2 protein chains.
Amino acid sequence: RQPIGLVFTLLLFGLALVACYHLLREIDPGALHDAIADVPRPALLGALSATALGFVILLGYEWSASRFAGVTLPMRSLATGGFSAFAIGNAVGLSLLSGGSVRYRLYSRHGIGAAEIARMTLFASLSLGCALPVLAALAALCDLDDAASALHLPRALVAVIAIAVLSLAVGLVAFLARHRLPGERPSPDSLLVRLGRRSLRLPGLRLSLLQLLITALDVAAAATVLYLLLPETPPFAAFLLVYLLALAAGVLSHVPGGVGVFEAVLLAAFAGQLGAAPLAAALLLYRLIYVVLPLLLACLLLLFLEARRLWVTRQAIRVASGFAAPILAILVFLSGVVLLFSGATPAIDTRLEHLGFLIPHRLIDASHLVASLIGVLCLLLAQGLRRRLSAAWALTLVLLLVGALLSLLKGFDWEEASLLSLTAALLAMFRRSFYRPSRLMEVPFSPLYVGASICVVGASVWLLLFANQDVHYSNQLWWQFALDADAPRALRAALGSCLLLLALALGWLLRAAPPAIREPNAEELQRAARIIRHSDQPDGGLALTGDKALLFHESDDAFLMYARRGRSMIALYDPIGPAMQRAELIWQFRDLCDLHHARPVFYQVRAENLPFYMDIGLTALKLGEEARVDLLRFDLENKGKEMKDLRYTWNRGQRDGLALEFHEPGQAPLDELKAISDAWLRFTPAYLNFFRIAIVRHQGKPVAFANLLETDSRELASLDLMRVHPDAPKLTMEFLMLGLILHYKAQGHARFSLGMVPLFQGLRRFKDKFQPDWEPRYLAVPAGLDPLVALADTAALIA
Amino acid sequence: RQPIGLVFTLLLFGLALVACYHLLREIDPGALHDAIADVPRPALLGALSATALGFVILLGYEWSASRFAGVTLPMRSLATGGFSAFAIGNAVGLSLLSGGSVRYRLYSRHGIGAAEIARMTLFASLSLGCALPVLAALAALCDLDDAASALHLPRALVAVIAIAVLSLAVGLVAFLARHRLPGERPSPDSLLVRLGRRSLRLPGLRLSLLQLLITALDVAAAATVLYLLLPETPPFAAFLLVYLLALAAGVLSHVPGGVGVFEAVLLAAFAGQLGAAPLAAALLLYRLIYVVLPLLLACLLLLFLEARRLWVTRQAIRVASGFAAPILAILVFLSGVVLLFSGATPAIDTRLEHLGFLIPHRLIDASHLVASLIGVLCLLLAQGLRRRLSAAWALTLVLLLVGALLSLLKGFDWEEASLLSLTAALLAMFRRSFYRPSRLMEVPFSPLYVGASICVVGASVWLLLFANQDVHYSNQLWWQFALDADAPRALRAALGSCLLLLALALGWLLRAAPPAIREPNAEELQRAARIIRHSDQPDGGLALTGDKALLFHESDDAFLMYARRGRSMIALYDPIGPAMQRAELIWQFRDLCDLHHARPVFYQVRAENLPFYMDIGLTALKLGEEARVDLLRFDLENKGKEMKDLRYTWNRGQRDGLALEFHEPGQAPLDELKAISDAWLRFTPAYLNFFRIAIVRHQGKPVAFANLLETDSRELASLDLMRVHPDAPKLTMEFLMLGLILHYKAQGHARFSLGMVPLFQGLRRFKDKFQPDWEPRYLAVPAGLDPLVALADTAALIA
Ligand SMILES: CCCCCCCCCCCCCCCCCC(=O)O[C@@H](COC(=O)CCCCCCCCCCCCCCC)COP(=O)(O)OC[C@H](O)CO
Ligand SMILES: CCCCCCCCCCCCCCCCCC(=O)O[C@@H](COC(=O)CCCCCCCCCCCCCCC)COP(=O)(O)OC[C@H](O)CO
Ligand SMILES: CCCCCCCCCCCCCCCCCC(=O)O[C@@H](COC(=O)CCCCCCCCCCCCCCC)COP(=O)(O)OC[C@H](O)CO
Ligand SMILES: CCCCCCCCCCCCCCCCCC(=O)O[C@@H](COC(=O)CCCCCCCCCCCCCCC)COP(=O)(O)OC[C@H](O)CO
């Protein structure tokens, strides 16, 4: 899907550029500049105002999603999440940080579930998508003659299509209303409908209406931004209709911003009626005001909140996995786009005139080329930053400063230099955000990032051809080094960019194959055992089975056991070591999974590392609850119903003649354990002789055994393998672990772990007999929240 | 001394500037520029060649010092140390990194003693100083008429003075040769002479001659650099004589480079004969070629070797305390000098012409002023860098980039911008060098750094008056903001620099008084005890006496006990904690001592932290040797004479009826210990109840006791207080500690410490009875290696 989807995305973008070139044949870059200058200042204020209104409506859009999801959030939190997610989501789309990814980060702080947020994201997306046909139909149905003239279709055709769409919408609403199950309601404003296979959660009448009203105002507001920037305008009904179709085409095309496809359609519709230059100027200004501007504001806002959190919560925040790294990857990517577009466009004659006296003329040429190559590097380094490489931070920050310098030496492009400098100043402030000391050469290949780069380089060549259309091409142009010669500087830059991008991409893709997964050897198992001993986490013991691969840190003070099953790679627990070692290992695991084209899964993780799993792009699903008794507050002279039942079980066990014995590793009765294991029925001598075995006996004869996970420290201890005979008494097993607890209390252990119960009722009650302290265990899995998949699933179930 | 010495240094510099202004009254900056352009290219090559020769001679200068000191070093090491020490030493003098400080750092790697290096430094300095009169006298004695005409003195006078100097030199040589003690010789090429009070170590005849020959060639070579840059020249004899006197005056004046005083004298001598412009051009070029150039090369060389060491030895080097921080403080200081001098000088008319079209004219004025203020900040921040503040690194690196930018916006000063950028590029590479996270606001006041800044600002105002002498001053000049107006830009900058420097210096000096030293409270003692437990070093126990101040780290994972005695502050051991915590604490201690105007002394330090003591500017003196027995190789079934004597002592002790008992803290027989303490004669119950006491008894009655320093780990354990009765057997004490060793071997301790012997023979033998492993303990003390002090001491002893 990914490769095909990316290829058909690039083709659509490419075709759209070709379309836009042909539609702007009769216009020169002069006419465009005049058209941009022409639009009056009241109109720009009108646009900016309409933009502000149009983004206020999206906050109410976010509110409706919270009501649907049944999520209570503060107003300031919904505001920030609403703005940032819609601002970034609309701009970059899927390429970099998406709407869902923003929502999840933001709304995980307040303890909103991963399921809830996913349900908020889907509602936010689908509601526009499914309203767009209805809104379009209604728009066309007012003044059909104008709508017909705009689309250049028969009046009868567009009439029946509009009617058909409305009728189908009504028919659908009536159908899903038919299967409305009464009684139960997930949230105040929701329904649960049944179709046979799956239950489906839909909004209520009141919420459906409100959402449609919000969607209506939002579209109108957005279209209004473009309507005000047009000197001469068509009837609004037809204009709105076209805008909605163009918007649809942009969405379906899966082009990040909707760029190219949106413009192409608008241009196509109103090529002749309005004129190219006014429309092309309006479309450009529309993009800047409604798309780019709120993105920058959102980016800044999120950086501001990150910076603030670092200032106030200095102690709490340690490793730093927040918003800075994604956001700064965007800004650095945009910085590369600026450099590349600046190069394609010719310089101002006045600046070159004077700068010719300050600089050698042949250095202007050198500066111009180098700036364009730095531009390409900026596009690719955006990935490195996203993965929190410190090498990527240092290298970027150098290139941005050099790129800002060569921007001034090029054609005194002080606007390009100012943006690049400002990006550098931001990237500098967040040095600690990029903490990984991995090589840049070992970053896994990302088709998306390469695809995005190719699009930008494509767009720049489109801009080269447009901006330098006054000159007659020739074979000699490439070798002209003059000052007035602007077109040769474009050409040479364009070629340089394309060749570098090609070279790097080939150098990236044609790389040595990654080593195959192998079970650990004796040395590694011994080294793992060492780490487990000099650590807190005893659950690490399962590593020493030697049936699952071990991934070691560079310092070799931490590891992370995992195993490949099907098309996924499941880690068994959190990494084993300090917080920083944990963070580097989690990123190492993501890297390893990306090199093997496998889905990174984490099994049974604690809540403390959830932000790091968020960072690499996983969602915490509530797997089960792990119970662990506290030995500090546990005492055998206390009172309680369950406590009295336990003391009864204990004393009855002692009177019966049950005895408990502890054997250190090496001196275990292997013959007995084997016989017991066989009677019950991994169990290997190598695995067993790593741990201390507690054997309970009934009148001398061994009645059960249990190996004990334990570290050199006394913070925690657990039990993995534990088997009892069928013929053994029922209270013997309960006596055993009670004896274990007593022994650990004598040794002076802080805590003791029993185990995890998923979602079992008998096991849950049995654990609850000891009155333990519960703690949630999570499962981390990738965020598969594609709107199209969900809509296709809905449509399939309905049909 | 320091305040008086610094004041009389500044006055001499000031007076010298006034002198140089008056001597260059009849010359305009135009005539100087022409004179600088006039000197031919063969002459410059002649100068550069003479410089290269003149610095090759200084390597042989270094060699002679090694022979005198009796130091064997590799040729490459002597070369580097020779070059770097003489290059930096001659340039910056005493202000920043000095010759001795360079030598000590460089020659500490090869395990050369602190005493030896000090003796190498003194010889390197004094040999020139004491040869300079002789060389001068001899020079004058060739062609007395020319020498008389140069000095404008009578021929008879200069004759008798020269004779008197030579006669006195011969008389001195004969006198010290008289008291030449035969037999003993510290080194092959040295003598030991006696005058009654102190023994004095002098070079041999052969070494004295060779040193004088080396000194002769060196001076000649240096003078030759200046001689070739003169179009029209006087007789060389007289020229050399003057050069030597000017050099003397420069040295005596204690002006860092000899700048001002040297030029003043040369100018004074050959004002009329040669002409101002040729001489003033030659003096400037001489400074650049012979002084500034080798400094930069030395700086680069030392940075290169640091960078290489970081690349190859990544694992070994951890905290980074080498050459980068001093060297980069110099380069950043020079960068501030460049900014300040650039501002004082008027801009090129051609550049302003064109840059006027690219920039707003009023921004040129703003850029010009801001650049000069950044210049002043660069001078002061040089200190912060020296003390390895990370805040200072970040702030500098920002100001250098802004300063390099405003250099281009000022008058397109691309030379200033290029230097500043290159400094930034270096400073960036060594980010990890500045590792301390202390506040910039808490840096102690340094009169020297403030004095240096005032000199630079003084020099800039001298340059302002010289460079802008064509304009007529008026009260209105200050308020003129034009493009052609260069002199007002100088004035406004000059005033701004002076006011900022004044303001900061006053804000620095008038600061709150530092809190007084107080003994620790119960909480601190308890917190110290905690640290000691969770650590390796048991010698930290002496902190819990509570009679000495405790300095805690910000993390509170490490501390450093110290006490004030007289005018010094003695730390008792190395800091207690990790390597990074140790390095931050040592710097904290330096800071604390500088705020209280006290000499930082470290008592009984290990060899592992010697580089960090080097960093803050202390010299390791061999205090004593600490013996510590290794329990891994120690066994009671081994063979050996001393081992058999120990086993005899043990078994005889057991047969006699000596018994050893171990009491945990709290359950000590206080009544007994008190009685034993009184019988022997800090001893307080609070101090005693922190440690485990081992009490040996003779037939039941307690015969001795000894508290045991110990941590939670088993890496090391010691004993501090240990008293025995006069009437107790002689082998009872030896049995006691043998029992202690056996007990620690049973507990499974890695090592065990006995104690330190200074320089005692009986104690040394007693420790050697157990066949321990010796390890040197050092004393860290400031480096008081002032040539004048040593010469005054020598002169006093001779007389
Ligand atoms: C009309 C002319 C206008 C001139 C411009 C005037 C205004 C300039 C304002 C510039 C301020 C922005 C720079 C602030 C960066 C934050 C500093 C920082 O944190 O730097 C980090 C990175 O280190 C740096 O030094 C980065 C330097 C790069 C800054 C680049 C931005 C400035 C760009 C200036 C123009 C450059 C030229 C462009 C044109 C060619 C170090 O972080 P740390 O956590 O390791 O250290 C913190 C310390 O311990 C204290 O707590
Ligand atoms: C034309 C619209 C209709 C058809 C669209 C379909 C075809 C798509 C392909 C082309 C789309 C973009 C074309 C127009 C973009 C702007 C062109 C432009 O002016 O580019 C300048 C440079 O490129 C841009 O400005 C690019 C703008 C788009 C991206 C901006 C992102 C902003 C964020 C950057 C990172 C900074 C982050 C810090 C800020 C918080 C260079 O031209 P100049 O002559 O104006 O500049 C010279 C001199 O400096 C001043 O005159
Ligand atoms: C004719 C035009 C000529 C144009 C110039 C072309 C040549 C430019 C060459 C510049 C290269 C020098 C910069 C190298 C600096 C070392 C990088 C570095 O380590 O930076 C540290 C500081 O961080 C930075 O990003 C510093 C950036 C500042 C660099 C300043 C020098 C460049 C100056 C360019 C011109 C600026 C404009 C001047 C004029 C206004 C980060 O160290 P770290 O240990 O934290 O990270 C290492 C990582 O883990 C990988 O191992
Ligand atoms: C005059 C000699 C006899 C009398 C001496 C007694 C009086 C002492 C006080 C004055 C001493 C210095 C006077 C002359 C210094 C140089 C003047 C000069 O040219 O200054 C320029 C700037 O100042 C300097 O260059 C100062 C030079 C001295 C210090 C240099 C240190 C180098 C290291 C700096 C740090 C960089 C580190 C990285 C490099 C490895 C600005 O003038 P400009 O017109 O040449 O420049 C404009 C344009 O850019 C090009 O024309």
# chains A, B, ... in the order shown; residues from 1 in each chain; ligands from 1
>>> interface_residues(of="chain B", to="chain A", cutoff="10 Å", atoms="only C-alpha atoms", output="list in words")
residues 350, 351, 352, 353, 354, 355, 356, 357, 358, 394, 398, 401, 405, 412, 414, 425, 428 and 429 of chain B
>>> residues_near_ligand(ligand="ligand 2", cutoff="6 Å", atoms="only C-alpha atoms and all ligand atoms", output="VMD selection string")
chain A and resid 17 20 260 263 280 283 to 284 296 331 334 to 335 338 341 to 342 345 347 413 to 416 419 to 420 422 to 423 459 463
>>> residues_around(residues="residue 230 of chain B", least_positions_apart="2", cutoff="12 Å", atoms="only C-alpha atoms", output="ChimeraX atom specification")
/B:35-36,38-40,43-44,46-47,223-228,232-234,236,239,270,273-286
>>> write_last_selection(atoms="C-alpha atoms", output="mmCIF file, in the first residue's frame")
data_model
loop_
_atom_site.group_PDB
_atom_site.id
_atom_site.type_symbol
_atom_site.label_atom_id
_atom_site.label_comp_id
_atom_site.auth_asym_id
_atom_site.auth_seq_id
_atom_site.Cartn_x
_atom_site.Cartn_y
_atom_site.Cartn_z
ATOM 1 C CA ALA B 35 54.495 53.407 4.935
ATOM 2 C CA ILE B 36 52.948 49.970 5.538
ATOM 3 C CA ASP B 38 55.822 50.814 0.987
ATOM 4 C CA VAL B 39 57.787 47.988 2.637
ATOM 5 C CA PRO B 40 58.701 45.517 -0.174
ATOM 6 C CA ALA B 43 61.552 42.409 3.273
ATOM 7 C CA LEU B 44 58.382 40.744 4.597
ATOM 8 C CA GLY B 46 63.017 38.289 5.297
ATOM 9 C CA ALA B 47 61.067 39.132 8.463
ATOM 10 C CA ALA B 223 65.921 42.458 16.383
ATOM 11 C CA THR B 224 66.609 41.342 12.799
ATOM 12 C CA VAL B 225 62.851 40.938 12.232
ATOM 13 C CA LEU B 226 62.487 44.660 12.955
ATOM 14 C CA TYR B 227 65.695 45.674 11.160
ATOM 15 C CA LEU B 228 64.567 44.254 7.800
ATOM 16 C CA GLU B 232 66.498 53.259 6.038
ATOM 17 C CA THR B 233 68.450 51.814 8.956
ATOM 18 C CA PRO B 234 70.988 53.028 11.576
ATOM 19 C CA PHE B 236 73.204 47.683 13.745
ATOM 20 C CA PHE B 239 70.022 49.569 16.827
ATOM 21 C CA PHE B 270 64.647 57.000 16.323
ATOM 22 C CA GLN B 273 66.708 59.952 12.336
ATOM 23 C CA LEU B 274 64.455 57.402 10.610
ATOM 24 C CA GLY B 275 61.141 59.291 10.479
ATOM 25 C CA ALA B 276 57.861 58.462 12.214
ATOM 26 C CA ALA B 277 55.901 56.714 9.462
ATOM 27 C CA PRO B 278 58.562 54.128 8.389
ATOM 28 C CA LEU B 279 59.387 53.289 12.013
ATOM 29 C CA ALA B 280 55.751 53.215 13.174
ATOM 30 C CA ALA B 281 54.922 50.934 10.233
ATOM 31 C CA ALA B 282 57.873 48.669 11.044
ATOM 32 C CA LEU B 283 56.903 48.498 14.731
ATOM 33 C CA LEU B 284 53.331 47.512 13.858
ATOM 34 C CA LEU B 285 54.432 44.835 11.370
ATOM 35 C CA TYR B 286 57.017 43.615 13.893
#
>>> select_by_dssp(residues="segment 306-344 of chain A", states="alpha helix (DSSP H)", output="number ranges by chain")
A: 306-312, 324-344
>>> write_last_selection(atoms="N, CA and C atoms", output="compact mmCIF listing (two decimals), in the first residue's frame")
# COMPACT_ATOMS: atom_id res chain seq x y z
N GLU A 306 6.45 24.12 25.17
CA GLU A 306 7.56 23.23 25.48
C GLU A 306 8.63 23.99 26.26
N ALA A 307 9.02 25.16 25.74
CA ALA A 307 10.03 25.99 26.36
C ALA A 307 9.62 26.33 27.79
N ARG A 308 8.33 26.66 27.99
CA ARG A 308 7.83 27.02 29.30
C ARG A 308 7.96 25.83 30.24
N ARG A 309 7.55 24.65 29.78
CA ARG A 309 7.59 23.44 30.58
C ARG A 309 9.02 23.13 31.00
N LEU A 310 10.00 23.39 30.12
CA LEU A 310 11.39 23.16 30.45
C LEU A 310 11.86 24.14 31.52
N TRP A 311 11.38 25.38 31.45
CA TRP A 311 11.79 26.42 32.39
C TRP A 311 11.23 26.15 33.79
N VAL A 312 9.93 25.82 33.88
CA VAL A 312 9.26 25.71 35.17
C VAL A 312 9.52 24.33 35.77
N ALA A 324 9.10 19.54 20.62
CA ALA A 324 10.15 20.32 19.98
C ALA A 324 10.70 19.59 18.76
N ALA A 325 10.92 18.27 18.86
CA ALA A 325 11.64 17.54 17.83
C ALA A 325 10.81 17.46 16.54
N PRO A 326 9.52 17.06 16.58
CA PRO A 326 8.67 17.11 15.38
C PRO A 326 8.51 18.50 14.78
N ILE A 327 8.20 19.49 15.62
CA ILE A 327 7.94 20.84 15.17
C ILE A 327 9.19 21.39 14.49
N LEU A 328 10.36 21.16 15.08
CA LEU A 328 11.58 21.73 14.52
C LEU A 328 11.97 21.00 13.24
N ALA A 329 11.51 19.75 13.08
CA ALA A 329 11.73 19.04 11.83
C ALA A 329 10.94 19.71 10.71
N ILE A 330 9.73 20.19 11.03
CA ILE A 330 8.90 20.90 10.07
C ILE A 330 9.58 22.20 9.67
N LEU A 331 9.98 23.01 10.65
CA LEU A 331 10.54 24.32 10.38
C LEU A 331 11.83 24.20 9.57
N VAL A 332 12.62 23.16 9.85
CA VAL A 332 13.85 22.93 9.11
C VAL A 332 13.52 22.46 7.70
N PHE A 333 12.43 21.71 7.54
CA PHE A 333 12.02 21.27 6.22
C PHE A 333 11.58 22.49 5.41
N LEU A 334 10.78 23.37 6.02
CA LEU A 334 10.33 24.58 5.37
C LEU A 334 11.52 25.47 5.01
N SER A 335 12.53 25.51 5.88
CA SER A 335 13.74 26.28 5.62
C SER A 335 14.43 25.81 4.35
N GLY A 336 14.48 24.49 4.14
CA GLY A 336 15.03 23.94 2.92
C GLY A 336 14.18 24.28 1.69
N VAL A 337 12.86 24.36 1.87
CA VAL A 337 11.96 24.73 0.79
C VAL A 337 12.22 26.18 0.38
N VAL A 338 12.42 27.05 1.38
CA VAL A 338 12.69 28.46 1.13
C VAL A 338 13.97 28.59 0.31
N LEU A 339 15.04 27.92 0.74
CA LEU A 339 16.31 27.99 0.05
C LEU A 339 16.15 27.55 -1.40
N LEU A 340 15.36 26.49 -1.65
CA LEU A 340 15.26 25.90 -2.97
C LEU A 340 14.42 26.78 -3.90
N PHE A 341 13.38 27.41 -3.35
CA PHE A 341 12.49 28.25 -4.14
C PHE A 341 13.16 29.59 -4.41
N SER A 342 13.92 30.08 -3.43
CA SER A 342 14.64 31.33 -3.59
C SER A 342 15.62 31.21 -4.76
N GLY A 343 16.28 30.06 -4.87
CA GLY A 343 17.27 29.83 -5.91
C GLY A 343 16.66 29.83 -7.31
N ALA A 344 15.44 29.28 -7.43
CA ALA A 344 14.78 29.13 -8.71
C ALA A 344 14.32 30.48 -9.25
>>> closest_residue(among="B:646, B:426, B:452, B:163", to="ligand 1", atoms="only C-alpha atoms and all ligand atoms")
B:426
>>> atom_distance(atom1="atom CA of residue 709 of chain B", atom2="atom CA of residue 688 of chain B")
10.6 Å
>>> closest_atom_pairs(of="chain B", to="ligand 1", cutoff="7 Å", atoms="only C-alpha atoms and all ligand atoms", output="Markdown table")
| residue | atom | partner | partner_atom_place_in_ligand_line | distance |
| --- | --- | --- | --- | --- |
| B:363 | CA | ligand 1 | 1 (C) | 6.8 |
| B:367 | CA | ligand 1 | 2 (C) | 6.7 |
| B:390 | CA | ligand 1 | 49 (O) | 4.5 |
| B:391 | CA | ligand 1 | 50 (C) | 3.9 |
| B:393 | CA | ligand 1 | 25 (O) | 6.5 |
| B:394 | CA | ligand 1 | 25 (O) | 3.7 |
| B:395 | CA | ligand 1 | 25 (O) | 6.2 |
| B:397 | CA | ligand 1 | 25 (O) | 4.5 |
| B:398 | CA | ligand 1 | 27 (C) | 4.9 |
| B:401 | CA | ligand 1 | 36 (C) | 5.1 |
| B:402 | CA | ligand 1 | 34 (C) | 4.8 |
| B:405 | CA | ligand 1 | 37 (C) | 5.3 |
| B:406 | CA | ligand 1 | 2 (C) | 6.4 |
| B:437 | CA | ligand 1 | 49 (O) | 5.8 |
>>> atom_distance(atom1="atom CA of residue 629 of chain B", atom2="atom CA of residue 751 of chain B")
6.3 Å
>>> select_by_dssp(residues="segment 418-562 of chain A", states="strand (DSSP E or B)", output="PyMOL selection string")
chain A and resi 436+549-552+559-562
>>> atom_distance(atom1="atom 39 (C, counted along the ligand's line) of ligand 3", atom2="atom CA of residue 349 of chain A")
23.3 Å
>>> residues_around(residues="residue 253 of chain B", least_positions_apart="4", cutoff="9 Å", atoms="only C-alpha atoms", output="ChimeraX atom specification")
/B:8-9,12-13,248-249,258,261
>>> write_last_selection(atoms="C-alpha atoms", output="CSV table (one decimal), in the first residue's frame")
chain,number,residue,atom,x,y,z
B,8,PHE,CA,51.3,50.7,38.5
B,9,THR,CA,51.0,48.4,35.5
B,12,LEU,CA,52.8,52.6,32.9
B,13,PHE,CA,50.7,51.5,30.0
B,248,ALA,CA,64.1,45.5,29.1
B,249,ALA,CA,61.7,48.4,29.7
B,258,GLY,CA,55.3,44.7,26.4
B,261,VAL,CA,56.4,50.7,26.4
